[PDB]
């Protein structure tokens, strides 16, 4: 087969339809379902699969105790069939680590996992299910990457890494891989002041990443990558529709080239589709915590610092817990346009539900429709009392 080429634009987004949902915590109440977090979705040319970081234990297992913690030797990037739960028996390990990304270039899949202590972490780059390249920490402070899928064009797969402080200036790099080999890396340029957990998608040979400013910003940084020239720029989403969490209330003027102030040293992985009048932003409904999720249609959100929503769709009720969210698309689907998709991590357990001693999640996933479809709300659906 051939390397995928990013030759299409986004389909017109008029609403979102249900794509996938695994009900993992519900099923895991009485099945051998692995404890996970930081999930995402990624497509092969012939299959789409759920991905996540396992904690090396099942939910009902006693080793689920303490799984609020993010980094350990027992974590691994796993994948499993669309909308099935991540079970011990159906999960495929991609690589070992506690921070990851993965994407198919059209011929084979590249997966990257970072492991190690906070001051000595390293990334291993897998291609065609074999280790090919390794990257040592350059700032010795939790080398970390996207936690959702990367995107490839003509064999070149850009990946965003950060190494350094989570609460101040850090060392962000953009690596360009081909068949797992490092073609090039570059230090972050542009006006984005802090970069974490980028969510990316590709269309008419450009790759757009929406990231998390964990330092001073509650507006989201954007990295725009040219995979042919292997260069990039960065800024913030200009819109006063703020989409980090926690965050201040929406003002009437946003910030294009600096963090919007109000909330320090926190954030959540999120995403957006920036496409002129076809622009949709995702965010938690609550400004205080990771609960609820909504999509908002905000024309020219990227460049217009006065832009407001003209349409929306609730995905998860404010009464229900959400979590990380990110973008993916089926680049191998039929048609003349790419259908925008996304997932929302539905975190259950600690810290918000501390009657149990574990932290896990389930997945809900949506794709865009050209129809104006009716909306439902999609909770995790598990009852904590059952786990007591």
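Numbering follows the first chain given and starts at 1.
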| query | finding |
| --- | --- |
| Higher-B stretch (mean Cα B-factor, as the entry records it), 202-210 or 74-82 | 202-210 |
| 277, 315, 114, 160, ranked by C-alpha B-factor: the highest one | 277 |
| Residue of maximum C-alpha B factor among 98, 127, 293, 138, per deposited coordinates | 138 |
| Entry-reported Cα temperature factor of residue 26, expressed as the chain third it lands in | lowest |
| Residue 41 CA temperature factor, ranked by third within the chain | lowest |
| Lowest, middle or highest third - CA B-factor, residue 247 | middle |
| Third of the chain, ranked by Cα B-factor, where residue 323 sits | lowest |
| Position of residue 172 among the chain's modelled residues by C-alpha B-factor, lowest, middle or highest third | middle |
